[PDB]
Structure formats: C-alpha cells, structure tokens
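Colleague:
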Amino acid sequence: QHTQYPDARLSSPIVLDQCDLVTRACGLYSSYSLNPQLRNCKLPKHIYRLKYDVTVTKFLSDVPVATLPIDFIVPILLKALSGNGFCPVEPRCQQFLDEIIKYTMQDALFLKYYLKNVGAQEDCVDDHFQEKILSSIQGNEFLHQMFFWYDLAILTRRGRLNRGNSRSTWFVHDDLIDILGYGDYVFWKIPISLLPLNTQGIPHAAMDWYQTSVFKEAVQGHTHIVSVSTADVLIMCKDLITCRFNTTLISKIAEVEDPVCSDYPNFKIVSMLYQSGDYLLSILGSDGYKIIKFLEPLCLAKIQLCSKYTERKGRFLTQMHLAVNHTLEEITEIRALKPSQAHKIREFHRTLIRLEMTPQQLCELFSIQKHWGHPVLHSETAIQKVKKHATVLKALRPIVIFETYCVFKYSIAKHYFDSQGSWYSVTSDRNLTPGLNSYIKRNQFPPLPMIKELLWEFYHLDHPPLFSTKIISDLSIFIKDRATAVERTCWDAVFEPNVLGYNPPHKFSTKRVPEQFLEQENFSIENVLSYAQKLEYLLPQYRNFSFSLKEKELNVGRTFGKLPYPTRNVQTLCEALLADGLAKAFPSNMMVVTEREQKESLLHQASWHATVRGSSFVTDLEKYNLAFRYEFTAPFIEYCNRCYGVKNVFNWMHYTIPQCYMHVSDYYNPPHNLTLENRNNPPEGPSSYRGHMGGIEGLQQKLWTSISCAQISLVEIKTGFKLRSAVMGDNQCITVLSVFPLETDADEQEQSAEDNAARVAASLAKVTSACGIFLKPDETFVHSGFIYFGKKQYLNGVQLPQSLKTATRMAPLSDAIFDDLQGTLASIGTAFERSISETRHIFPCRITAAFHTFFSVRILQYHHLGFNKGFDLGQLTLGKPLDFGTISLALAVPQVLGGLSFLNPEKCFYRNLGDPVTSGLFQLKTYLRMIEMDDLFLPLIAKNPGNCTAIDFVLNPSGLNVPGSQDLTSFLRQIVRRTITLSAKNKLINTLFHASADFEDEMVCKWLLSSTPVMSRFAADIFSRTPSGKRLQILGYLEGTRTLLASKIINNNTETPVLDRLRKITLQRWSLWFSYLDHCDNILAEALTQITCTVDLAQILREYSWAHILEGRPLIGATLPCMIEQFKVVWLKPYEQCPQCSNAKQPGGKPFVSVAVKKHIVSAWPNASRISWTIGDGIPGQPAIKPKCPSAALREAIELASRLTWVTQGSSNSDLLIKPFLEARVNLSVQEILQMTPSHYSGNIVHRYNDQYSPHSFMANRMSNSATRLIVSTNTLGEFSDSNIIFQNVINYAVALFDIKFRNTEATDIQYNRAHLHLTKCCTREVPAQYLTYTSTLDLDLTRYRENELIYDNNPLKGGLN
Amino acid sequence: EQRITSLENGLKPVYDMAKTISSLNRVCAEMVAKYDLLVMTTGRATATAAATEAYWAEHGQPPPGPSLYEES
Amino acid sequence: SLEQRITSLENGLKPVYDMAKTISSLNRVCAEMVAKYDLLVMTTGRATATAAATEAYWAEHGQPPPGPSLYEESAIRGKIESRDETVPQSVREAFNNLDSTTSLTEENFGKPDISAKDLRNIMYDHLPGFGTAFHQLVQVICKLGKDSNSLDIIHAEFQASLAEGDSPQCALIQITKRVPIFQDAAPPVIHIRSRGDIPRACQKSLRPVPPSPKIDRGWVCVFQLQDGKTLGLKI
Amino acid sequence: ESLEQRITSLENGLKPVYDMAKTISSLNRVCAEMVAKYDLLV
Amino acid sequence: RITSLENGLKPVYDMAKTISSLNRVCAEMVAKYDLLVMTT
RNA sequence: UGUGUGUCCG
Ligand SMILES: [Zn+2]
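Residue numbers (the authors' numbering), protein chains in the order written: chain A, 4 to 612, 622 to 1192, 1203 to 1303, 1311 to 1391; chain C, 108 to 179; chain B, 106 to 340; chain E, 105 to 146; chain D, 110 to 149.
What follows is the structure, given as structure tokens:
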C-alpha cells in the first residue's frame, strides 16, 4: 500500500533550503538558502503542480508577494494559538478529557491506599487532597493548546503519506491564524498588526530580507501576511507545548505535597521565564539562542554561590555575567532596537541573575534548556566553523611529547604487571636501560615517587605482542541498521537531480549497512585485518567521507562523519580491539566523593611518599577532536600497532582523511558551482575544502581518551600531588588530594586546597598547550565541595535532585514499531521509574504518568496511522464501543500476566524485583481488594496457555506461557530469518545459517531442559554460549518501522506484503486485551482455589504452563517471595516495648531486622530541617595454568565447561556431557580445558545464581542521602528463619521505607527512634541443596562448524601460558 | 719481549681513550641540554609523506592515481 | 726477567679499572640522547624543511613550507620581535598562542578584567527600574574608581556584600561609606539645561544644596543651572 | 708462584672489561642506526 | 697460559676502535643538528 | 515522476 511512515517526535535538524522552491511555485518571494543555484533551478514534478491547485490560489489571494522567515514567528504562534476553531479531525482530543481526570484520581487513590497498606503512609493527613489535585489539573495554562497541537500533528502526519499523484491539502482556521498543509509544507497566514516594529517602521523579521522602502510599498494595502515552513517546525512546537505543560503541572502539584518548601522552583517564575525568552526570540530571530544558551552556566554559578564563599568562588559568576553582557551587546548593534525594546530585551538574564532559590530548586531549573526550540541550521556556516581549527597551524614542544609517550608506556607496563603476574619478558639489549635492570631482575615494580630519573628508560623497552586480535564476542556490531557514504565514483548521486541541474552518470545500488553486509562474499575478521594491513583504504574509489548535521542542539551547527562500508568496518574493528586491550590500563570512569569515603582509605590513597582535604576542577572534552595532529599522535599509534600483530591498522584515519573532498550531504543543496564538466575534480567554495589535518568527532575516541589520561598522569608525576580523573560525555573532572597535618584548623584548609587545585590547573594548562591543545582559563573553574559530572551532582557530599529532565519527556506518542501500545506504555513506565529514582516527591510523577497513559490509549484507539481514516480499533474488535470500565480494569492487571500494566508501586522502594509473578499477584490482589470486586481474581489470573517451544522458555525463564504477554521480537526475528534464507550470499553467514539450523536449536533447547529437576536460569546462561546464541543475536537487528516498510531486500521476498501482516497481528493483539471472559478456562481456576499464598499460587501457575515442556518433572530456582508480603513494620518509639518481641515471644520468639537513626550530621545544605538535605557518617580456588591473552572462544569454552562441571557435581557424567559443546568452540580436547577451569566449591546453586553470578545488580531506587543516616542490624534474625531472604533487597526496603515515611516533616519533630521488621511465618521456606542429573547425552553432530568469527578456532594456545 | 709488546699495545691508547670519554660525555650532555629549547611547527604534507612511505614498503610502487593532497 | 715483565704488566693494567665508573655515566647520557633524538626524528616525516630551505621559502610566496620545521626559543622570539623580514602571519599567531600561556601561576588564573563600563553594566543589571538616583550613584562611583584606580576593590566588596545577604542598595551604601577614597570627597557637578534632563524618578530626590557637601553623607551629584541654581540628591 | 700470580691477574680483568666492551658496542650500534635514519633527510 | 693473553688483549683494541667510531658518529650528529635547527 | 529526504560512533 505504502512505504512511508513519518515519525511523531522531532529527530532531524531543521533546514529550510527547499522552502525557497515552494515559494517560487506559488509566486511568492523568499530567501532561505545561501546557494544561488536554487534561485533559478528547475522545480520537481511535484511542488510545481501547485499552480493548478484551486485551494492554494484561493488561500493566496489577499496577501502580499513578500513573506517572512519562520524563526521570527514561532514564539508568536505559540502565544496566540488556542483551541477554539474548526479542525477536520472528527474525534477531537478535548472530547475525552473527563475520563483522563477520573483515571488520574483513581490512580492517586490506589497509590495512597497501597502506601497505607504497606505501613508508610503519612502523619497528619488532610481531607482537601483530591479537589486540590483536580483544580491543579483543570487550572493549567497549556491544557487546551496541547490538545490543539496534537490534532495538528495528527493532521500533518496523516497527510505526509500518499507519495503518489493527485495529492491533497488540509485547512485549519483558528480565529486569528490560518494554516494550510500540503505534503510536508505548511503555510501560515497571520495578521500584521501583531509583529514587533523597527525604528524605521518595518517588522524586525523583514530587516534581513528587504530594504526599508521596498517592504512598505510591497505591503501597502494588506492586513495579513504569509510564512512558509516544513512539517518539522510543527512537531517541534508540539514537543515544546507538551514539555511546558508537564513542567507546569509537576510544579503546581508538588506544592500540595509540601506547602512549606518544595524541591521544584515555582509555577510562576517559570512562566515569566518562558515569556521573556519568547519575547527575546521574537525580537532577535534565530540569534537569540546565543543568549538562551547561557541558562545552564548561570545556574551552575548560582549553585556554587551556596557555600562558605572563599575568595575565588565568585569569579565564575563574574565571568559569565561579563560574557553574557558582551554577547548581548555585540548581536544588537546592527539591529535598530527602540529604547523600550532595548530595556525589555534584558529581562531574561536579569531575572536569571537576581534569582534567590535553594540549590535543589536551581538544580531542577537546570533542566529546562530545550523548552524554547532549536535554531535553523545552514551548511555554509557549519562548514566554515569546521574549517577553522582544522587547517590552522600549530607549534609543539618535543620534550612534552617525549614525556607523555614515556608515561604512556609506563602506564601500560604497570597495568600489565599489576595483573597477569609479573614483567613481560623485556627483550632488546637490557644494557640500554640502566636502573630498570635491578627491578626486572628482582621481579618488582618502582613505586611511583621515584620515577623521574628513569622515565626515559621506558623508551627502550621492547616486548612481544600483549593482546590478541580475535577477541570479537559479538557479531551484532558489523550489522546495526545504519547509513554509510557512497563510493567516490558516484559521490554526487546523493543530491536531487533537479537542484543539481544534470543527471549524474553513475548510480549506487544501496546505501545501508545491512543490505551491504549480506552481499559481501569474502567477509571475515582476518579479511578486514588484511584489508587494513595492505593500505587498501587508499584506493581511489574509497575516499568520500561525507558530513551530516547533528540533531537538536543550541549551537550554530555540529556535524558527524560518514565513511564507506569497508573503512567503516575497519573503524568498528579498531574500536572493538581497543575496548578490550588498551584503554583498560587507563581507568577513565572513577567516581569518588571525599565526604562519602572512609578516612583511613582516603588517607592511604592520598599519601605520596592526618586529615585529608580535596578539591576539584572540570575541563571540557568536546573540541579536542579538531586539535589533534599526526606529528603528536604518531608515536602512540605506532606503539598501538606494535602491541598487536598488525602493521598499518590504527593509522587509517590520519592516512585517508586529508585525501578526501569535504562536503555536507544535504539533499536539497549541492556544493556551489557544481556542473557536469568539473564533476571529477569539483572546486572548493563556501561549503567545501580539501586539506583536513585534524581529527573527527566520534572516531578514535578511546585512543584520545587514553592520551588525555597519560597527560594527566604526567602532570601528577611532575608535581607531587595525588590526582584522580573521570571522563564522561564531553567533559572530564580532575580532583586533587592535599593531605594536611592535625593542628591546622578548618578555615584555611579550604583556601590551601583551592590554591593547590589552581596550581595543578595551571600546570595542566601549560602541559596541554605544549601539545597543541588549548584550554580556556575563563571557562575552567576551581571549587572545593561542588562536583558536577555527567548525570551526578554533589554539593559537599549532598546529592542534588534532577527529575525534570526525565519526567518532562513523557508523551502519548512515541516511536515503538508500528505505534504499538505495549511499547508506548513500557516507555512511559520506564520514564516514570527513572524520574522517581531521583528527587524526594512521589505524587507529581505518578500523576503525570497516569495522565499520559489514558491519553495514549485513546489516541491510539481512534487515530491509528497504520489503518485508513475513520477506522475504530475498539469497535470492530469487541463488537461494542469500548467503555471506561473495561479500559480501567485492563490497565490494572500486570504485564507478566498479559495486562498492559507497567506502573508498579513496589518500584518506589527498589529497582529490581526478585520475582515478577509474585509481585504482580500481590499488586492485583491489593487493587481488587481496594474496590469491591474481590470475587474476580481467579477468572483474571486463570486465562488460557498458548503455544510455545523450548526456545521461548529459554528466552524468558521467569515468564509465563500467556499469548498476550509476548512482544513483537519473534515476528521481526522470523522476518529476518526468512529474508536471510532467500538472500545473504555472504558465504560465511550461509554456513552458519545452514538448512537444519532450526532443528539443531530445538534439539539443544530440548536437551537443556531434560534434567531433573528442571532449572531455567542455568539453561538460559548456557544457551548463550552456543552457535544458536550467535544466530539469535545476529537475527535481532531491526529497530524502526521505516526500515521494515522501506527495505529493498525485506520487501522483495514476494509473499504477502508486510503491512497486511502487521495489521492482522495488531488486530489479534488488541483482541487479546480489553476482551476478558473469553480467553479463560474452567479447569485451572478450581485447582487454584483456597490457596491463600502468593508463592504457592505462583508455583502452581508456573507449573500449569509449560506442561508440554515439563512432563512431570519439578521446577526449581524460579519462584521467590514478594518482600512487601514477607515483613511487617512496628515503628517503635524512643522508650517503648515492641508487642511482637515481648507479648508473644515466649516460646521461640520472632526474628527481626532492626533499623536505627544516627544523630551526627556531618554536613547539611541548606539546613538540617529535611532528612534528604543532610548526610551522615556511614558507608552504604585458582586454575593450575593461566592462559596468556586468550581468545574469546577459549574464554567462552572455559566458562561453559566450569558451569557444566559445577552444576552437575554428584554425578559421574561430567566428562561425556562437556565434550560435544567444546567440539564446536575450541581445538583443545577434554582434560586440557579442565586444567584451566577454576575450582568452584559452593552450595545451594540457587543462591549462587541469585546473588553470586549477579544477573542483576539490584541496588536501590532512592537518593542515597538517607542511607548514610541509618544503621541496620540483621544478625538479630538468629538462624535466619539457606532461605529465600535476599539481604540486599532487605536493606534497600528498610532504607526506602524510612525515607518515604518521613519526607515532608522536619527532623526535629520525628517521634520515632527505631523500627522493627518482623518476618511472617507463611512466605518463608527452607531451600535444600539440589544438583541436576542428566541421564542422556546431547548426541548431536557439531563438527560442521569450522569457520571464523565466534566459531571454532585453530591453535588456541598461541600466546603462551603462565 | 712479547710481554713488553703486550704492555705497549695495552697502554698506548688508554690515555687517549680516557681523554675522549670526558669529551664525549660533555658533548652528549650539552646536546641533551639543547634538546629542551626546541620548537616544532606542523606542516601540511606530513600525513601524505607517511602514507607514501608506508605504501612503498609493501608491494613497492607509488599509490594509484590521482595524486595525493601534497605530493612533494 | 719474566717476573719483572708480569709486574710491569700488572702496574700498567691497574689504572684501567677506574674508567668503568666514568663510562657508566657516558652510557647513561648517550642512551638518553639517542632516545630523545630518535623520537624527534620519528615524529617528523621526510619533509623536515632544513633551515636554509624555509628561510628561502619565506622570501617568496611567504606561506610556510610544506612539512614541519624546527626553531629555537630565543631565535624565533627575536625574529618575531623584528617586523622587517616579513615573518608569515600564521607562524606569528601560532607562536603567540604557544607563548601566551607561560604567564600562568597559582594566582591570576581565572581572574577577570574589569573596566568602568563593564562594572557599570553589572551594577545596572542588579538595580530595579530605570532613572533612579541609584543609577547616578553608580555612575559617580564608577567615575571615581576609574580616576582613582580602585575598581577591583570596589567590585570585590560589592560582591561580598551582595553574597552575605543585604540588598544591592545596601551594597552601594557600604561601597560609598567604606572605601577609603570615598572619604571627604566633593560630589561631581554636571551641567543641565532644565528639568527635562532630570529623570521622572529623580523628581522626589531634589534638595537645596547646603555648604560643604560630602560624598559619604549622601550627596551623589550636584546639578547646576545657568542662573546660579544648584541642587543635590538625597538617598 | 709467578705463573699463579699471572693467572690470577688475567682472571681479575675479565668480566668488567667485557661488560664495558659490550656496552660500547651497543651504544655504537644504536648511534649508527640513528645516524642512518637522519641520513635520508638532508 | 701465556698464549692466552691474546684473549685478554684482543677486546681492548676493538674497544678503542669502537670508542673512536662513537666519537666520530657523535661529531657527525652535531653536524646534522647544526644543519637542521634554525638557531641564531 | 522524489533510488529510503534524513536518523553516526559509544
Ligand atoms: Zn520487635
């Protein structure tokens, strides 16, 4: 039917070059592009028929010829567009508003009931709670604008289909504004009398396009004017409106929870900020983003001004104020602003400067940077910016390069020595290194303080290769569904022929990675290595390197590079090799906080050759990519080549980049002065150049990070200070430990630490400058207590909240493969969980999520894009209209039972659940108990088991055999397998995907589950180390709907079209939910009666399903109790007796966990009123032979053999079972791998799989401020009632419960001193020691696998043995 | 006779060797001192020269046309 | 006979044992030099552009020669200081960028440069409204600081006062009542035509001038007219 | 007696002289290699 | 035993020759340093 | 007729 699927969210840069074409077809005037070629080119077949469209001519019949740019009008459209007109959409989004409010009220009531039931609730409650929230929701400023913009988005997204002939338009008339839409193009008709005026009498928007005299006669007798834009501006405006609505709603709701002081700024200051920014943008055009960009640094400075106020704390704010004043002054001198406008334009930054809020509120306000839009990008300006800093000449100092290289080598040698035993057998004339000979002979390493007279001796060390080139353990990196550049022969085939002016001679066949990986016959890792070693990237047809403009930002333009396919493979292989070899000698991510560390360990670490003070400073890692030259990076590249067995692999970029012709592959504008004559040797102009001497962002990031770490280490060696570094995103933070005597006071200690940090910063600046890379002293700031880095901000050890950045991104519409409801709901749930992980309030985020869930459900029910207009999903799948009760009930049963619920209240305590089935059962039971529908549990949880194989069971060990709980992954995997069968002449994939691959996978899965008893986690872990796992990981590469609907190989396989299958499966899935009283049976319901236990219920449900897999064998290691139902809280008072431990504890007593509160306060910001504002004191067998540089296959074989040996310990078949698995992985036979397998001697394998192999990291779901103020005792349990208790989740539950209980009360009034967690006597059992028993053997032939990659390798013991 | 000849051979240049060792030490130290005051600039034909040299050291022949950025 | 020869051989072979101690240092220094210059020749390609070649290349088509080149600190510095031999502009700016960072110490690292106009704009950004007499006070404070070279003390004290908690008006009050140069100073007198130049917000602040004005007492400026009309302002 | 003293004298001056000869040979080799590298530059 | 003195004398002459060669090669290196660096 | 207008490394 169609191969187009426009997306619902903005994901592309805003370029308006093609709009100049449209205004030429209608007879208007516009100047959006700087390329004169578009001024007189040839119009395409479409957007030329606009001269014959009656609607367009009628629309443009009372407007001037002149137009205005759209970047001056967006704030005006935002301010003056409410929903009061007529729209072609029949079901208006505002119609279903009461139901959303009702659902939000119900969800809030359920959360409150759940909290009261657990035992947290709250003291001194108020009756005026529901009405306050209802008034807050209905009193929002952006309530109707959001619905209107969603209607507009639906209209434009539906209209962007129909790529064929005879396209149509849509019309909207909203009071003052008129909107016309035609095929990705939008016309806005607006009144003139509402535009800001110049001193010459013309609008500010017309200054840069028309002269003062031309515009006046151009308009003359007119009152409305027309602007032209694309469909991306509408999506951007919709996103802005949604973000503003979310922020206002959250800020308003949070005031009800904590009337005294909340952690969000306000709901009135943000509105003034929005208005000021809108006015500034409407006056200054797209150049106002230079001023808007200063919001974050000002917030950082204001946060920094909340401390002891040393002498140099206020320098950052002064520098930022000076910078913003200069920027404001130098962009407004040409423009003829009136004095009133000049006074009014500074209100934004004047309000920002004069703010007075707590650090938490400033940290929250830090996250509204992108609430005003994004600038319009041009290729010429971005290319001009990139050309500078890339062709500039540099001066370097050889001595600093020598020292950095020596430190690089020393760090690599030290990392090799720390692990792996001892030195690496230094060859090459030991007499050339006098001084290291003693250390090598004694088999020791120099400490660190004394390596200053022997640093040069590290230059002469030589050794064999230390790392292997066959350590690839993931084939999914070579097929990732991306786009690459084209061959140099057809380099100009990526531009539109009409704009170009000529038909390109040569054409490319494909431009995507997956449609090139499958047709490469000679693909192999060794082939890639040989391609790199022969300098084949220097061939004349392999030098293109296009640019592509980056996504939504606030700069004038940033780019990223694209390379042809083989060079892309070389780049990927280099990154993969570096991630496993080097760059582990240079630990980048090291997060440490001085106020949250043990004093003894900190003192030991800070000692170089007593209290310890620490300081820090942060520098930027963004532009350094353009500052790298070959003269500086040559020795490091050569050493990296030598550490492997390769010759010319790591210097591909510096060899092939300067030989390329640099240009931006923008579809609607080619390079200037491009003709058919100068096609082979095109000239360079404003958007092209030849000599690129610097590096490229993204590529070779790990090597540059290692070089930066080496420079930091050299600085640390030069000056006797203890330095630690961390690198994330585009920034790095360096902390310095000073160590101080005892009797030195605590007032001048901070000053001395800051002085030491400044000295280290100056030394680092000198060292970095000597290498050709320049720091910014004006931007680098030095502090003592405040550290911000990546996603974590701390102020003197106190963590600061940041929840708006995740909470404001909730939206009913998201890209989730064919607008799947399950994916959208899952994304909303994940966003809610991540947002609640921060902050200390609960209700605003849950209210926002509940608001958006119902809205998404309704908008997908009525306005699905995958079907025709007027289609109703909820009418023809049930036969009757869908009502509120069915939707409300269908949103309460958890997803593990197949019920479209993703907001579990239990996630408010801890992140990872031990067992999802028990938690879902408890949640459903509580929900059904709250309302008067208690006699409804059994029909809801009975259902009908579906059809599945052992593969499905292995994929989801903790899942159930419910058809409605499945995702779309199986469908996509089947499609990809079908495509590979009829295609993929890769000649190495074909060997892996042979005729009987599915049968082999089924046999392996069936054998793995034939044990007694059956264990699922062990089988899942084993299955991933077989060729079946490799095939499974290769199959799953599809990511988007556009790739599915537009891929050539996928859609050329004949058979039924993919769209019909997608519609059929969507209809089946929608019928599965919302139906009820149909897909249930009366054979399991009566067996589940009179149980009254969640663990037994879950076990019976699990065993009833998968019955065709497990005939009669027991299932173990899959059911765990829900900890909410396992413990009970008492909340003792300072001087009281616990009834549980005193009244009925005569015969045996009850084990319990004790929680107590400390008193020492350490630090507090701004006060000690709130618990979350303060932190306290308190911290939250070997193998006989060790292989040297083992391959990935050898490591996987060793791990698999160890697992199989340990799991089956009481039997004598450990020899016969392992052999068939190892025959397909490694050349070595049995009794040789067994020598390298570590001797594992543990008990209760279920405990080892639960909390030793660590499938999940567990951890907490709350801010870590309160965890430092509590002491938890678990030894009181005695015999620990081993058992089903997970201690980490016990600690997390206790800490989170205490935090939630007291979150809106000041600390001086908390009347509870300690808490008792008493375990119930029903949900706790004793787990015995059991071992698996296999009676048969796999007896499958796996010797056919003799290929490269993650498959059988020859000579695995090549690097030697320890 | 032979012992006298051996003594003469073993004692004739040793004084010259001792004189030469001090001069060599001085000149090496003074060159090391010079090395710390150098300034190097970056040219636009370093990568091209390195690529050509690497290509000549494997299937020795000039790289295929057209010419590189700065062929000199 | 032979015993005397052996004794003479031992006597002549004794003084060659001591050269080992002095050849060890020779080994050390030679190894260091070889490492340094080996890396130097490694990091530069085959276009090292000898000094005569680059000197000749600078004369005509003055762009720098292809390939790297080597100079010395004092030599290139003295060449730059003499603007007669037409040193290429790119080399000049590169060396200036490299050199400008050597004057960095523990102090004056991120220290800003504050002028009169910048300080006046900063003070304006804090005061509310426009046309208030506090603007005239800011103007006279900046003028006095510019003619007395005490802008940074004024700015530091203003920032400290603002950060400790008082309002900007109180900060200006402490500025005019604490800085030593603001002790017993006659307020500046400006020339005005009529009430039109006086802002609307300043109308309530006009006061007859008494003898012996004081900047500390609260006299910010004196307005004089042609017909002997002198007035002052009170805060 | 004289022969034994001669043998002892010969044995005394064996190791250090050989070690320094080896060091000198290594230094000459590396210096020659560096000069050969610099030769193809002028 | 007496004829073994050649084994204890033949390394010394080569030692002197190698010292002379080292002096020559270092003096030669000084020439390249003079010819490459701009200096004053 | 507009080759999938685009959506890269971690
Ligand atoms: Zn108790």
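By construction, the Cβ of each residue, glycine as well, lies at the ideal position given by its N, Cα and C atoms.
1. Taking 7 Å as the line, does the beta carbon of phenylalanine 297(A) fall inside it for any heavy atom of ligand 1?
2. Can you name the residues of chain A whose CB is closer than 9 Å to the CB of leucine 175(C)?
3. Is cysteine 1150(A) near ligand 1, in the sense that its beta carbon is under 7 Å from a heavy atom of that ligand?
4. Would you mind working out which of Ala486(A), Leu909(A) and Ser1059(A) sits nearest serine 970(A), comparing C-alpha positions?
5. Run through the DSSP bridge pairs and tell me what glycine 926(A) is partnered with.
6. Just to confirm, are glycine 710(A) and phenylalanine 563(A) a CB contact at a threshold of 8 Å?
7. Going by DSSP in three states, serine 129(B) sits in which element: helix, strand or coil?
8. How many angstroms separate the CA atom of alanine 234(A) from the CA atom of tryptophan 173(A)?
9. Work out the CA separation of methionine 740(A) and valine 134(D) for me, nearest whole Å.
10. Strictly under 8 Å for the Cβ-Cβ distance: is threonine 148(D) near chain B by that measure?
11. Can you check the segment 170-242 of chain B for any beta strand (DSSP E) of at least 3 residues that lies completely inside it and give the ranges in chain order?
12. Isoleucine 859(A) and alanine 111(A) look like a contact to me (Cβ under 8 Å); what is the Cβ gap, rounded to whole Å?
13. With DSSP collapsed to three states, give me the class of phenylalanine 867(A).
14. If you measure between the beta carbons of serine 551(A) and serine 382(A), is that distance less than 8 Å?
15. Determine, for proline 169(C), whether the minimum Cβ-Cβ distance to residues of chain A falls below 8 Å.
16. For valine 573(A), which residues in the same chain have their Cβ closer than 6 Å to its Cβ, ignoring the five residues on either side in sequence?
17. Could you compute how far the alpha carbon of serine 130(D) sits from the alpha carbon of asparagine 132(E)?
18. Is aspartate 827(A) near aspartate 10(A), with beta carbons less than 8 Å apart?
19. Counting Cβ pairs closer than 8 Å, one from the segment 690-707 of chain A and one from the segment 625-635 of chain A, do we hit at least three?
20. Taking 7 Å as the limit between beta carbons, can you name the residues of its chain near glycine 376(A), skipping five residues before and five after?
21. In the DSSP assignment, find the beta strand (DSSP E) that holds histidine 876(A) and state where it starts and stops.
22. Should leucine 439(A) be flagged as near chain E, meaning a C-beta pair shorter than 8 Å?
23. For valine 327(A) versus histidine 352(A), is the C-beta spacing smaller than 8 Å?
24. Below 8 Å on C-beta distance, what does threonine 127(E) contact in chain A?
25. Count the other CB atoms within 10 Å of the CB of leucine 368(A); is the residue buried (16 or more) or exposed (fewer)?
26. Between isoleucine 785(A) and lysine 248(B), what straight-line distance do the alpha-carbon atoms span, to the nearest angstrom?
27. Spell out the partners DSSP gives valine 1167(A) in its beta bridges.
28. To the nearest whole angstrom, what separates the beta carbons of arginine 110(C) and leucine 114(B), a pair I think is in contact under 8 Å?
29. Mapping DSSP to helix, strand and coil, what is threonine 335(B)?
30. Can you list, in chain order, the residues of its chain whose CB lies under 7 Å from that of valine 974(A), leaving out five sequence neighbours each side?
31. When you compare the CB positions of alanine 221(A) and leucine 71(A), do they come within less than 8 Å of one another, or not?
32. Please return the same chain residues whose Cβ sits closer than 8 Å to the Cβ of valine 236(A), not counting the five positions on each side in sequence.
33. List the residues of chain B whose Cβ lies closer than 7 Å to the Cβ of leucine 144(D), in chain order.
34. Expressed to the nearest angstrom, what Euclidean distance is found between the alpha-carbon atoms of residue 1306(A) and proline 1163(A)?
35. By the criterion of Cβ-Cβ separation under 9 Å, what are the contact partners of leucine 131(E) in chain B?
Modeller: Checking against the coordinates, here is how it stands:
1. no
2. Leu541, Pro670 and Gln671
3. yes
4. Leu909(A)
5. Note: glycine 926(A) sits in no beta bridge, so no partner.
6. yes
7. helix
8. 13 Å
9. 50 Å
10. yes
11. 174-177
12. 6 Å
13. helix
14. no
15. no
16. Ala535 and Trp664
17. 7 Å
18. yes
19. no
20. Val77, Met239 and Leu243
21. Looking at the DSSP string, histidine 876(A) is not in any beta strand (DSSP E), and its letter there is neither H nor E.
22. no
23. yes
24. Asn434
25. buried
26. 40 Å
27. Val1294(A) and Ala1344(A)
28. 6 Å
29. strand
30. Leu909, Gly910, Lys955 and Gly958
31. no
32. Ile17, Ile73, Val77 and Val189
33. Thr155
34. Coordinates for residue 1306(A) are simply not present: the residues of chain A run from 1303 and resume at 1311.
35. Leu131, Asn132, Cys135, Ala136 and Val139
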